[PDB]
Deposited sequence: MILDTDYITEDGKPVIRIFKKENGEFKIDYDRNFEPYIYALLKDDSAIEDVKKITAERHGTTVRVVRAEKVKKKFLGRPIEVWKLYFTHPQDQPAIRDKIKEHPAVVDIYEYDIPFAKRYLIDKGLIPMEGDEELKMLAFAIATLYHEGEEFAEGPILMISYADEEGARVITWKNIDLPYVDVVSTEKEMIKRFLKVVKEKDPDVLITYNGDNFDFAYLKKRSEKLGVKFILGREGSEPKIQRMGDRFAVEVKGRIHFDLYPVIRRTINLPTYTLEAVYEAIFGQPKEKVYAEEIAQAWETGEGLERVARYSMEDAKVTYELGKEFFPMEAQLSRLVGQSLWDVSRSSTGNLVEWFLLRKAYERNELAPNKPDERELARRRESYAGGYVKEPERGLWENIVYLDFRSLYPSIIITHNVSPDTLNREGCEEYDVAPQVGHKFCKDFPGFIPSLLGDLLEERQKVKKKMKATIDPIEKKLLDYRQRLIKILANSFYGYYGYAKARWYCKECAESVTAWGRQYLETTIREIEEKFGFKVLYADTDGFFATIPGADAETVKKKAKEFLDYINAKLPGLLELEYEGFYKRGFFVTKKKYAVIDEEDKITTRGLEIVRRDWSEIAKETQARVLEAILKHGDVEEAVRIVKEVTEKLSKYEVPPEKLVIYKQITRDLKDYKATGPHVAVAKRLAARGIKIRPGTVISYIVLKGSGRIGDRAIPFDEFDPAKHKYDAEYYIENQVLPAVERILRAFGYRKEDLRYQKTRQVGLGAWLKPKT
């Protein structure tokens, strides 16, 4: 399988390198015949001879147009003839693109800023991370001597830890009596020992937590200070430090540097992103933090070195565990988007769709539009929000939740919403978005709706293959692919309003939201007027409904009957589904509610919880239980009165003191936010 691609220069000519792992062995394939190129749109084809002679200069080298070729492509749903201009080196493109654009006979230039190594994967139809190859992984972490008024990496590295299938170990230059600690004489010897470990283990993946902005930079500065050959690449190179935006990223040639930090930063939403908080959120297990002051104090003639070595060991161990949890998902994401795991794991959702579209555009001979210039970028201010019903406050019995299956992708497909179909003149059929009035041609399938349709079809083909796959490892992998297709399909709407997007269409985005608001509001009035349901609450693509004075099985039956009715009325791919049944449910405000199923599991959208005392969290759970399991509001009130009395009589442990503070600032605020809708103010208790 393909792990990554890059290029090196030999005699001024680019040489693509394809890093592979085939049949358990590392390989490097070279391609010396891939030519960089750009497209140029001309006002007259006779002008090609003048544009071929356009020159620029990169160093002492004169940059010329090597070869031109007339090509016929599709651009915004219309055929177009452009000239494919070839160059010697990919770095010639930024040097000459402006001179070619400024030529009077040139209307515009295209596909001039697609990185050479990524251009290669797309054009060759190559997909990284494809196959069943087993990748060897190794996580690592470092512990450093920190003092407040010092420069970066002024203090030495105290410990280097690593972890894999064999376990976790710590390399240090102080005598620590632990079985997993390897003692060396100096910091230099510790770094050298780490390099030998990586070289001998030869992992395909190096896993870190913030290694892009800390670990590698620290190791680099210390290796320069100590005169150590910091070679980690499989081809004898040092880690390459790159600038993506305001921060950094690190590549290790021949391997995949998998930094968990950017991945977890976009997967889960947490108040803090410390390694301890992220491990505790994913695995539900606590992890002790040992601060820089404690580590410095312990190192400077300290007995607590075993505690710091254990912290170092746990850093590598949890990094390996987290890497095992997120790597298979990123591998499937890489295979779906068609780019290396290194790029994919560091990319935003908007850029992931862009790479997917760039590949599909090449396969379909679709000329890609350019990224917005600085002027157009400033003009792309977001004007976006679905329908939110104000909830009917109070306690409700036997509530069903109905929602649309992929509402926004269904709208895009059904109404052919795309920049290439927007206000296109000359069609015999159009769909008009309500409120915003944008028209979309229906005669020809649009570029994006066509791909979105194939994504949904591919998702179903993957789901069927998953049910038939006996192999549990492959079943989990197919589960990732099917979930990733859903995520990618549900990213097209956001991509339409993504300011940096090539296929940007604010009109498309507004139209999807407007149609979405229409379908949800139409369905609500339909279930109220034709089935006598009460819609308690609704948000964007679904609603909670019930029949005041009806049995649980009666509500279920009429809900299924409504589904048969409205699904026959809904156009194209739009489909309403039965998501789940709830015995009880109370709706406080927009985005604040709580429901309970027949199993007695409570789902909450406004829970108050580690910067909150256990007494407040326990009372809240007791209140919710009384409301959702017993349906007794009078009991929920009594519980709070009981807890406040136990706190005031000093009968409650302080953590699990100022009795007035824990009543007025802890218990009451956490419980009032739930009992609020009933009219139970703080003065009501």
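Undergrad: Counting from 1 along the deposited sequence, give me every gap where there's no C-alpha, start to finish.
TA: In sequence order, the gaps with no modelled C-alpha are 384, 611-612, 660-726, 756-773.
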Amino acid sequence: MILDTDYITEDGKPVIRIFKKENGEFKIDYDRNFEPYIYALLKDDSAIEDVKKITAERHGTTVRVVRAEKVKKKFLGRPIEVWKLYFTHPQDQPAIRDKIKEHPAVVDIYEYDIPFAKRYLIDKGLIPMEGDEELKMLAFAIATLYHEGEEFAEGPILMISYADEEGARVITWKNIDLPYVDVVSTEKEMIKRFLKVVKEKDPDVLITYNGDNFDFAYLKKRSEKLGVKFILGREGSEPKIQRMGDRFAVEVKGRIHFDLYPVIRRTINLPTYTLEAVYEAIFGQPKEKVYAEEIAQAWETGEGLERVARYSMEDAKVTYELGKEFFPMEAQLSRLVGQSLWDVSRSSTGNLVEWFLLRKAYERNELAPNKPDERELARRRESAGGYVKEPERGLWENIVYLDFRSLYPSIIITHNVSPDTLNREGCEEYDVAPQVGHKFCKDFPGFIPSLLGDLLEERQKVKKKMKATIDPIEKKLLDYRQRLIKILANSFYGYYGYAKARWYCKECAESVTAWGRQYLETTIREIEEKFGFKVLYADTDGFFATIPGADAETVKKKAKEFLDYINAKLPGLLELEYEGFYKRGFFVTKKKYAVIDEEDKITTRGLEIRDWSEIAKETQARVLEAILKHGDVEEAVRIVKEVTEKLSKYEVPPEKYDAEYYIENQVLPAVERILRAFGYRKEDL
From here on, numbers count along this sequence of modelled residues.
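Undergrad: State which stretch shows the higher mean Cα B factor in the entry: 297-305 or 226-234.
TA: Higher mean C-alpha B-factor: 297-305.
Undergrad: I need to verify one thing: averaged over C-alpha atoms only, is the B-factor higher for 270-278 or for 87-95?
TA: The stretch with the larger average C-alpha B-factor is 270-278.
Undergrad: Tell me, please, which of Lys43, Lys646, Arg32, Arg67 has the highest C-alpha B factor according to the deposited entry?
TA: Answer, based on the entry's C-alpha B-factors: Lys646.
Undergrad: Which of these, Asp471, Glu189, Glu102, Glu166, has its C-alpha atom at the highest B-factor, as the entry lists it?
TA: Spelled out: the listed residue with the top C-alpha B-factor is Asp471.
Undergrad: For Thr589, does the deposited CA B-factor place it in the lowest, middle or highest third of the chain?
TA: Ranked within chain, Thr589 CA B lands in the highest tercile.
Undergrad: Pull the Cα B-factor of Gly254 out of the PDB entry and bin it into the chain's lowest, middle or highest third.
TA: Ranked within chain, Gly254 CA B lands in the lowest tercile.
Undergrad: Give the position of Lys530 by CA B-factor within its chain, expressed as the lowest, middle or highest third.
TA: Highest third - that is where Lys530 ends up once the chain's C-alpha B-factors are sorted.
Undergrad: Sort the modelled residues of this chain by their C-alpha B factor and say whether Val63 lands in the lowest, middle or highest third.
TA: Middle third - that is where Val63 ends up once the chain's C-alpha B-factors are sorted.
Undergrad: So where's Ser418 on the chain's Cα temperature factor ranking, which third?
TA: Answer is lowest: the recorded C-alpha B-factor places it there.
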